[PDB]
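Undergrad:
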Ligand SMILES: *[C@@H]1O[C@H](CO)[C@@H](O[C@@H]2O[C@H](CO)[C@@H](O[C@@H]3O[C@H](CO[C@H]4O[C@H](CO)[C@@H](O)[C@H](O)[C@@H]4O)[C@@H](O)[C@H](O[C@H]4O[C@H](CO[C@@H]5O[C@H](CO)[C@@H](O)[C@H](O)[C@@H]5O)[C@@H](O)[C@H](O)[C@@H]4O)[C@@H]3O)[C@H](O)[C@H]2NC(C)=O)[C@H](O)[C@H]1NC(C)=O
Ligand SMILES: O=C(NC(Cc1ccccc1)P(=O)(O)[C@@H]1CCC[C@H]1C(=O)N[C@@H](Cc1c[nH]c2ccccc12)C(=O)O)OCc1ccccc1
Ligand SMILES: *[C@@H]1O[C@H](CO)[C@@H](O)[C@H](O)[C@H]1NC(C)=O
Ligand SMILES: *[C@@H]1O[C@H](CO)[C@@H](O)[C@H](O)[C@H]1NC(C)=O
Ligand SMILES: [Zn+2]
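Residue numbers (the deposited numbering): 17 to 614.
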């Protein structure tokens, strides 16, 4: 009978979860070694261990059918069993799985090994994205130099892996169908446990889109005054290489030329960090300080002993796109970041430590629950702190911002600066997965794959390549997450929900009151707030033990993903910007791009 079986099932899960942590530890160690040191030997080791774990997962999924788990009384037990039935890529036949792993490492290693030649010196051909190319894209205001680096990078990181990407799409689809999802789109969306999730995001995006159009319009106007109308047209999509980022995902790097009030202060603390002798170690210690100040968990000794926080100075190849690592034991958590001493990197450190904090908060949970409530939650944690770190309030406290007068004009500058990071990103993030979903779902013919990418970038973001592209190019994998097969919707979700978290954390900290002019949301610092920390502990400690609305409820009593909070934060900017665009007769919207030839 079922009563006795459910008792046996509980013991089965308890033992199996422990076995899964231990087996995954081994896979994670091999993946860490490869990411830290790209070699053919390490590639082989990583992929062989994964193949072994996949084989065990197949046996696990098979064993779940021996339990009448759908008949059980315990929602908790049922939730754990359901999690075990979900094989993902491990559902593929042995050979197909091995081919997929080979395809994935081929794409990640290609991305990591990209080197271009110096614009001024065709002899020097050892410039990597991190840090050499990214430095030029962010700092150069020479549009031809910018276009050179754009083309060189996209050709090498994107086009070079078209055939691999094609095989990846095929195997991803085969895997999804073996799990009885329609495609990889549905497989990814399953992580949000909500059949209306896509529509919810369409609705929120539609609400924020008009504000994005205004920012777009204003930035284009300002870029015309800098580069001239030969480079930037009034009515067309913005040439993306002028936006301070290789993928135009955030535009904060060009704030100095597009800021609302150029004669007023613009927060840029990179120079002060260098002046005060900041190091990657100091930055991480400061991040640790922020979490502990909120009564959250201190970084364990394993973290300091084992993390890589600076780019290695030997000749080795490695993945320099930052990552946080859970090894599924106790306190064995790690970061690999090629850290630089900049304002942006200080935020990145806090983002990374948000992942690490989540690992520590839920490490007592059964293995299947040791992940985010949904992927967006994991990405949001560190950003909530970064929002307060970025405030003039906090930056003055740590002596990085000097002689600052927070008048109305300085406030608009700061809000705009934040919008260039937070609002601008929304259409970008949506398109990363809208694109891959359409390929996964078989909605785009292979002959149209490249211009399908640029069409979305045009439609949603109103940006375009600096030069004419065609179906002879393949540009999507020039973005890390696309080469590395990392779902991107998590970041769109994060950028929305992080303002729900921030607003509530600020209210809890007594740092935000909508009726108190002295406590604006955009200058809230949650540093040292145990009350804000309590909310985080209540939520993060749950891991994936409950559907995400219950985790949100544990934080602030709400159960609904909402764009209300992000709109609330940016409302003073919206009012000012709508008026400024009218005052300057700023053209809003864009004609269809001519930069991708069919
Ligand atoms: C994705 O969807 C797939 C369907 O599109 C699905 O594939 C199906 O999985 C079924 C298992 O759940 C499987 O059903 C079995 O069928 C066997 C015979 O099928 C053969 O002939 C078919 C032609 O008619 C072919 O198409 C097949 O390829 C096969 O060759 C049966 O022998 C088998 O039966 C046994 O098991 C049932 C299970 O009973 C349940 O559990 C307990 C038993 O302890 C019961 O008390 C309880 O009431 C409950 O019913 C027993 O009742 C029975 O006595 C036998 O022991 C079973 O029906 C099916 O064949 C398979 N394919 C298809 C095309 O349907 C995938 O599993 C899905 N994948 C995922 C990951 O979810
Ligand atoms: O390490 C990562 N992940 C990252 C990348 C990665 C994923 C999978 C394998 C390997 C690596 P990253 O998001 O820290 C990560 C590394 C630094 C920035 C982050 C990023 O990619 N951000 C996005 C979005 C973005 C751009 N600018 C910003 C600024 C602030 C927040 C996000 C953001 C990007 O495109 O780079 O994941 C840890 C994890 C484990 C288990 C569950 C959940 C999470
Ligand atoms: C990189 O890996 C090689 C073998 O693949 C190993 O011999 C070497 O020690 C590693 N290098 C570093 C710097 O760890
Ligand atoms: C710190 O957190 C602990 C539990 O983690 C809690 O019991 C304690 O009240 C918190 N300290 C403060 C000052 O709130
Ligand atoms: Zn992250």
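Beta carbons: idealized from backbone N, C-alpha and C, even for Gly.
Would you say residue 550 touches ligand 4, meaning its beta carbon is less than 8 Å from a heavy atom?
TA: Counting from one through the chain shown, the residue named residue 550 turns up at place 534. Yes, the beta carbon of residue 550 sits closer than 8 Å to at least one heavy atom of ligand 4.
Undergrad: Give the DSSP-derived three-state secondary structure of residue 613 in the structure shown.
TA: Start at 1 with the first residue of the chain shown, and residue 613 comes out as number 597. Three-state result, residue 613: strand.
Undergrad: Find the nearest neighbour of residue 577 within the set 584, 585, 587 and 564, judged by alpha-carbon distance.
TA: The residue you call residue 577 lines up with position 561 of the chain shown. Here the closest residue by C-alpha is 564.
Undergrad: Taking just the CA atoms, how far does residue 327 sit from residue 63?
TA: Taking the first residue of the chain shown as 1, we reach residue 63 at position 47. Taking the first residue of the chain shown as 1, we reach residue 327 at position 311. Using only the alpha carbons, I get a separation of about 24 Å.
Undergrad: Between residue 350 and ligand 3, is there a pair consisting of the residue's CB and a ligand heavy atom that are separated by less than 8 Å?
TA: Sequence index remark: in the chain shown, residue 350 carries index 334 (1-based). No; taking the cut-off as 8 Å, the Cβ of residue 350 has no heavy atom of ligand 3 nearer than that.
Undergrad: When you compare each of 540, 593 and 521 to residue 547 by their alpha carbons, which one comes out closest?
TA: In the chain shown, counting from the first residue as 1, residue 547 sits at position 531. Nearest of 540, 593 and 521 to residue 547, Cα basis: 521.
Undergrad: Along the chain, where does the alpha helix (DSSP H) that runs through residue 204 open and close?
TA: As a working mapping, residue 204 is identified with position 188 in the chain shown. Residue 204 -> alpha helix (DSSP H) spans 200-205.
Undergrad: Would residue 177 and residue 122 qualify as a contact pair, given that the criterion is a beta-carbon distance under 9 Å?
TA: Taking the chain shown and counting its residues from 1, the one referred to as residue 177 is at position 161. Taking the chain shown and counting its residues from 1, the one referred to as residue 122 is at position 106. In contact: residue 177 and residue 122 (Cβ atoms closer than 9 Å).
Undergrad: State yes or no: is the C-beta of residue 478 within less than 9 Å of the C-beta of residue 316?
TA: On the chain shown, position 462 is the one that residue 478 refers to. On the chain shown, position 300 is the one that residue 316 refers to. Contact flag unset, no.
Undergrad: Using a threshold of 9 Å, state whether the C-beta atoms of residue 451 and residue 469 are closer than that.
TA: Against the chain shown, residue 451 aligns to sequence position 435. Against the chain shown, residue 469 aligns to sequence position 453. Yes, the pair counts as a contact, with Cβ atoms nearer than the cut-off.
Undergrad: Assign residue 109 to one of two classes, buried (16 or more other C-beta atoms within 10 Å of its C-beta) or exposed (fewer than that).
TA: For the purposes of this step, residue 109 is identified with residue 93 of the chain shown, where counting begins at 1. Exposed, by the Cβ-count rule.
Undergrad: Taking Cβ positions, are residue 88 and residue 82 nearer each other than 9 Å?
TA: On the chain shown, residue 88 is found 72 positions in, with the first residue counted as 1. On the chain shown, residue 82 is found 66 positions in, with the first residue counted as 1. Contact flag unset, no.
Undergrad: How is residue 485 classed by DSSP in three states: helix, strand or coil?
TA: Reading the chain shown from its first residue, position 469 is the one you call residue 485. If DSSP states are grouped into helix, strand and coil, residue 485 belongs with the strands.
Undergrad: Measure the CB-CB distance between residue 319 and residue 347 and report whether it falls below 9 Å.
TA: Start at 1 with the first residue of the chain shown, and residue 319 comes out as number 303. Start at 1 with the first residue of the chain shown, and residue 347 comes out as number 331. Yes, these two residues count as a Cβ contact at 9 Å.
Undergrad: Nearest-angstrom Cα distance between residue 373 and residue 589?
TA: Position 357 of the chain shown, counted from the start, is the residue given in the question as residue 373. Position 573 of the chain shown, counted from the start, is the residue given in the question as residue 589. Spanning the two alpha carbons is a distance of roughly 32 Å.
Undergrad: Applying the 10 Å Cβ sphere with the 16-neighbour rule, what's the burial state of residue 157?
TA: In the chain shown, residue 157 corresponds to position 141, counting from 1. Burial call: exposed.
Undergrad: If we count Cβ pairs, one from each stretch, closer than 8 Å, do we get three or more for the segment 389-406 versus the segment 359-378?
TA: Verdict: yes, contact present.
Undergrad: Could you tell me which uninterrupted alpha helix (DSSP H) segments, each at least 4 residues in length, are contained entirely in the segment 147-216, listed from first to last along the chain?
TA: 150-155, 159-173, 178-194 and 200-205, all fully within the segment 147-216.
Undergrad: Who does residue 144 pair with in a DSSP beta bridge?
TA: Indexing the chain shown from 1 puts residue 144 at position 128. Bridge partners of residue 144: 131.
Undergrad: Evaluate residue 482 with the Cβ neighbour count: other Cβ atoms within 10 Å of its Cβ, from every protein chain shown; 16 or more gives buried, anything less gives exposed.
TA: Here the question's residue 482 lines up with position 466 in the chain shown. By the 10 Å Cβ count, residue 482 comes out buried.
Undergrad: Using 9 Å as the threshold, is the C-beta distance between residue 283 and residue 436 below it?
TA: Counting from 1 along the chain shown, the entry for residue 283 is found at position 267. Counting from 1 along the chain shown, the entry for residue 436 is found at position 420. Not closer than 9 Å, so no.
Undergrad: Quick one: Cα of residue 130 to Cα of residue 163, how far?
TA: The count along the chain shown starts at 1 and reaches residue 130 at position 114. The count along the chain shown starts at 1 and reaches residue 163 at position 147. In a straight line, the C-alpha of residue 130 is about 17 Å away from that of residue 163.
Undergrad: Taking 8 Å as the cut-off, is the beta-carbon of residue 135 closer than that to any non-hydrogen atom of ligand 2?
TA: For the purposes of this step, residue 135 is taken as residue 119 along the chain shown, with counting starting at 1. No, since every heavy atom of ligand 2 falls outside the 8 Å radius drawn around the Cβ of residue 135.
Undergrad: Determine the burial state of residue 128: buried for a count of at least 16 other Cβ atoms within 10 Å of its Cβ, exposed for fewer.
TA: Reading the chain shown from its first residue, position 112 is the one you call residue 128. Buried is the call here.
Undergrad: Would a C-beta distance cut-off of 9 Å place residue 614 and residue 486 closer than the cut-off?
TA: Position 598 of the chain shown, counting from 1, holds the residue named residue 614. Position 470 of the chain shown, counting from 1, holds the residue named residue 486. In this structure, residue 486 lies closer than 9 Å to residue 614 by Cβ.
Undergrad: Can you tell me which residues fall inside 6 Å of ligand 1, judged by beta-carbon distance to its nearest heavy atom, and keep chain order?
TA: Going by the Cβ distance cut-off, the answer is 195 and 196.
Undergrad: In this structure, how does DSSP classify residue 606 when only helix, strand and coil are distinguished?
TA: Locating residue 606 in the chain shown gives position 590, where the first residue counts as 1. Coil at residue 606, not helix or strand.
Undergrad: Check whether the Cβ of residue 266 lies closer than 8 Å to any heavy atom of ligand 2, and answer yes or no.
TA: Numbered from its first residue, the chain shown carries residue 266 at position 250. Within the cutoff, so yes.
Undergrad: Please confirm whether any heavy atom of ligand 4 lies closer than 8 Å to the CB of residue 380.
TA: Stepping through the chain shown from its first residue, residue 380 is reached at position 364. Answer for residue 380: no, Cβ out of range of ligand 4.
Undergrad: What residues in its chain sit with their C-beta under 8 Å from that of residue 61, if we drop five residues either side in the sequence?
TA: For the purposes of this step, residue 61 is identified with residue 45 of the chain shown, where counting begins at 1. Hits under 8 Å: 46, 49 and 50.
Undergrad: So for residue 349, helix, strand or coil by DSSP?
TA: Here residue 349 is taken as the residue at index 333 of the chain shown, counted from 1. Reduced to three states, the DSSP call for residue 349 is strand.
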